[PDB]
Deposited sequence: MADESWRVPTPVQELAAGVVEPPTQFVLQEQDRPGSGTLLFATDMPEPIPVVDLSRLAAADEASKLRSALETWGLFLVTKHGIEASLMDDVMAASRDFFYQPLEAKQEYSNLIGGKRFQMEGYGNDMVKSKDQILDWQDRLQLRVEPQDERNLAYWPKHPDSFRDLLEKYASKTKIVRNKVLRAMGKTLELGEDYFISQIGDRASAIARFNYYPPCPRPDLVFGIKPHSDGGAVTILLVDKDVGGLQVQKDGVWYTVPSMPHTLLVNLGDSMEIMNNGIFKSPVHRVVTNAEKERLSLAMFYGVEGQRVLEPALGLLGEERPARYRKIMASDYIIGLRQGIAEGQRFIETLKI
């Protein structure tokens, strides 16, 4: 009937080889470009830089840093998070080893069912919904890590042969970090330390996303990953070798997210914004490319169980305090998120 072979994009790592212009499907309209047309993409983030010593989170001055960071930016760097540098280095080395393999080897894990049907899990790109869609300058391998009995290990790279063990160990380590952050948030919001852990639920999704950003000859014309907020409750992000690129939006201004060696980045998701009545909000963020080197990151997305109603916590609505978000089942929120200027969560504000 009709040819829709534009739904099947070639990996950017291939398209980026040796080019001096970005192919047209990556080029943003002038007013949408990182510097809107200029070479100045972002402002340096002002002090105090949002940094949280996770081992000292029970101390009041550290809790005050976490609260200040979440109010101001919706994210923070974490130090002393309990994840050994050797394991952070190895999981990102395993990722680099996978992306460096031949296209043939990587497409054995393709997220294009039968070579044509997008699904989220596997190696490739995000869904192409229309011919005129501007694509991001990245590829990604995305894997469902939790619940354990829902994993499809056929999409997990078999080479290098320690990829699976490294990801499993790392994910179990980021779950500890997740819970420590969530307990500190329940405490500062006076909701109980286990409030958000229980809202999220024992079988909640945890998804690993290994991002690969090839060098781009014209970083002013494309996004490595387009402006967005994460949809779940909390994201724990690891950037290999702290290569720059990540930026965060605040009051319409884009700020470079600074790096610290051996740290992780925690950012809130939209589901958390609703659950906490907007006290802390989900930050809009993006990745700009560079001309010199590839950039690798690993995001651990912690979602909320699908049938949980997302709604402002009851403890935040005492004393006739008004709800600022309509309620919505978590699976319904994700569905609305994947629909096509205005972010979906704006439709829920009251």
| item | value |
| --- | --- |
| Segments lacking C-alpha coordinates (deposited sequence numbering, starting at 1) | 341-343 |
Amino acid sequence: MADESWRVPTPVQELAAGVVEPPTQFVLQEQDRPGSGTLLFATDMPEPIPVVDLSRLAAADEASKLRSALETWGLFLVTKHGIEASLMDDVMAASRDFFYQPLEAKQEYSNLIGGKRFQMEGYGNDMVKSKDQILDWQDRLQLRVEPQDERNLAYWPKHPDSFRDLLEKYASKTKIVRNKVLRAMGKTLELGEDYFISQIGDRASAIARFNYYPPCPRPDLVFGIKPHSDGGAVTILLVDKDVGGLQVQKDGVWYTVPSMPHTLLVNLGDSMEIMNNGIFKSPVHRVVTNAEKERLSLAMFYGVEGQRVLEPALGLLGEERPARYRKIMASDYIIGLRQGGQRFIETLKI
From here on, numbers count along this sequence of modelled residues.
item: 166-174 versus 108-116 - which carries the larger mean C-alpha B factor in the record; value: 108-116
item: Stretch with the higher entry mean CA B-factor, where the candidates are 303-311 and 56-64; value: 56-64
item: Highest-ranked of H228, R96, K131, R144 once sorted by CA temperature factor in the record; value: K131
item: Modelled-residue ranking by C-alpha temperature factor, third containing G318; value: middle
item: Chain third (lowest, middle, highest) by recorded CA B-factor, residue given as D270; value: lowest
item: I83 CA temperature factor, ranked by third within the chain; value: highest
item: Ranked against its chain, the third holding the CA B-factor of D136; value: lowest
item: Assigned third (lowest, middle, highest) for the C-alpha B factor of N277; value: lowest
